[PDB]
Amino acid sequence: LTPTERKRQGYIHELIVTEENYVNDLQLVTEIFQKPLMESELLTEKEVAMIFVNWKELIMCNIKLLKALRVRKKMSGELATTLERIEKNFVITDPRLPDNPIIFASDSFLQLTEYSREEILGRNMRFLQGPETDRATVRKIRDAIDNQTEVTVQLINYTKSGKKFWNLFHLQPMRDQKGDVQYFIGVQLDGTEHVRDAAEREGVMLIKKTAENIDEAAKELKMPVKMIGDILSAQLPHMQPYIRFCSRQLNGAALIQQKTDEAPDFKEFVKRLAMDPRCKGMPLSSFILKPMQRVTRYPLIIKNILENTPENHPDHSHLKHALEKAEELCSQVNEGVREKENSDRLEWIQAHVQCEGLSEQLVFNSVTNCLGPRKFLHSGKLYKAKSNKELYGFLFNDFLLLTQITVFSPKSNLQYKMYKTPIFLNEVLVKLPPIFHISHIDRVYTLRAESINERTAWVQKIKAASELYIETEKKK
């Protein structure tokens, strides 16, 4: 197969494999961090929500994505568990990608070489080699790869600290139906001395049998993929919850750090939850950064697939739209991160304005229907004329919310009850007769501001945001 078509499959599976690991990490935090902390009675219901936020919603998005990938790949969820049951030292590499990167490494291997998964994935396996390593033995391994054949040799490798150990290494290519090599299997039998005769014969049989079990486990993964863009193009516009989480990931991380330095009982309970072998000795404050890393990873992956996809290919069109949506999703995420002050205000409104009786729950710190990330514009007291009913209004870029007090200060706690249905700015006109009038098609609202300078602030901001809404809706 051509290197272009070859790199294509490597990048499509780069998307699938990394997604498996990512979704797996999301389910871990919910399993061994979220639920335990909720039932520990160490933190209040409010403090927990300030950290995880919409973590549950993040999983609901990627699961729908991952499941769709699995059906197309004809996979089951068993691959991860099936590989873990093989308690042997081995890795899997992808020759379709430059310098033959490592895409998987067993727990036994990581503990043997004292390396972590993050330090290994994406890099070539040659890091094990050192000064006392037979460079002639190494060449035999390279030739086996170039000829796409199996080989079994013995050489000296080094750990992370630099510990020497003999390596009864076995190489074996993984092939599909057409005999095309998709991956390489590398089994390592560590030892202190060079094995000969019976000692060598027994070791070879074990590492070869191990290689066969791995080939059986990764059987569904070996098969090539025809199309993948149509799936990405259908799921990416539904990655909305990321924008809220990434806008609050900074405050959520600072909450954990602050709570640790003021509560020793909390610090101990967290590290005892990081006791998990699937955590790989990695703290909770690090899993929070993963969603931000993942959304910025998509445009890099999709582009690699797109560049290795010809124009006449039926998947080329879907990858184009997928790349656009991935970048639009990434852009809106970065905007939420930058607009820090706007993020805190929307979340404050969420926890102080009781909105009930709607067809769908109202999330202020979220995405609008057409204008993207919601933005707070103006607030203040508003008196409805001919009634003089004291109401407090919140102006957003897409709608205006009228409430009733039962401002953005962290300590002061006022509770706002929802007054009427949120009036969207796509159907309202504003004119002047501190009294101002807004023109809804069905009914006419007559409100009075706190002062003259306030009315001019209301009229201008409502009008400017209304015209921005209309012209945006006229684009499509």
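Note that residue numbering follows the sequence shown and begins at 1.
Undergrad: Looking at the deposited sequence, how many residues between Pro433 and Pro434 were given no coordinates in the entry: none, 1 to 3, 4 to 9, or 10 or more?
TA: In the deposited sequence, 4 to 9 residues between these two have no coordinates.
Undergrad: If I compare the deposited sequence with the modelled residues, how many are absent between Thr406 and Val407: none, 1 to 3, 4 to 9, or 10 or more?
TA: Missing residues, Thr406 to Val407: 10 or more.
Undergrad: When the Cα temperature factors in the entry are averaged, is it 199 to 207 or 302 to 310 that ends up higher?
TA: Of 199 to 207 and 302 to 310, the stretch with the higher C-alpha B-factor average is 199 to 207.
Undergrad: Please work out which of 381 to 389 and 224 to 232 has the higher mean CA B-factor as recorded in the PDB entry.
TA: Mean CA B-factor is higher for 381 to 389.
Undergrad: So among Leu168, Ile92, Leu255, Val151, who wins on Cα B-factor in the entry?
TA: Answer, based on the entry's C-alpha B-factors: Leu255.
Undergrad: Using only the C-alpha B-factors in the record, can you name which of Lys64, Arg70, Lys411, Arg448 has the highest?
TA: Most elevated C-alpha B-factor of the set, per the entry: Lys411.
Undergrad: Name the third of the chain's ranked CA B-factors that contains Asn24, choosing lowest, middle or highest.
TA: For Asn24, the deposited C-alpha B-factor lands in the middle third.
Undergrad: Looking at the temperature factor on the CA atom of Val367, which third of the chain's modelled residues does it land in?
TA: CA B-factor rank for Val367: middle third.
Undergrad: Should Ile12 be placed in the lowest, middle or highest third of its chain by the C-alpha B factor in the entry?
TA: For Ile12, whose C-alpha B-factor we compare with every modelled residue in the chain, the answer is the lowest third.
Undergrad: Among the modelled residues of its chain, does the C-alpha B-factor of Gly191 lie in the lowest, middle or highest third?
TA: As the PDB entry reports it, the C-alpha B-factor of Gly191 lands in the middle third of its chain.
Undergrad: Which third of the chain does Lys88 land in by C-alpha B-factor: lowest, middle or highest?
TA: Lowest third, going by the recorded CA B-factors of the chain.
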